[PDB]
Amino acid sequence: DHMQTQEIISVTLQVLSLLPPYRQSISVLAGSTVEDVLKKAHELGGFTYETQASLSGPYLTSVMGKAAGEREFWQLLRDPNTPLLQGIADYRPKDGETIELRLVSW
């Protein structure tokens, strides 16, 4: 007989490395991971991605039908131009953040 409460936050998910680009505000509970944001964007319709289960956890391999090729990867960043220091299953965005998926070659 007591109330609990959680914070709903909004994370902007953006992909500028594709034609057409993707940019959508995604609502999730605070504590959701980037992977949960991608799952919600896919549920909403209009976002697709793939992952593979590496020995380090979920590794993002494809975004909106573009799989990273040889010596390419999908880099995770927050605005402004700040690479994330954790992967999709561990980074927990904050309200108002913009998460960018960027195709990068090394």
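Numbers for residues come from their place in the sequence shown, where the first is 1.
S.K.: May I ask you to compare 41 to 49 and 63 to 71 by their mean CA B factor in the entry and name the higher one?
M.R.: Per the deposited B-factors, the answer is 41 to 49.
S.K.: So 32 to 40 or 76 to 84, which one's hotter by mean CA B-factor in the entry?
M.R.: It is 76 to 84.
S.K.: Among the chain's modelled residues, which third holds the C-alpha B-factor of residue 14?
M.R.: According to the entry, residue 14 has a C-alpha B-factor in the chain's lowest third.
S.K.: Check where residue 103 lands among this chain's C-alpha B-factors and tell me if it's the lowest, middle or highest third.
M.R.: Tercile = lowest for this residue's CA B-factor.
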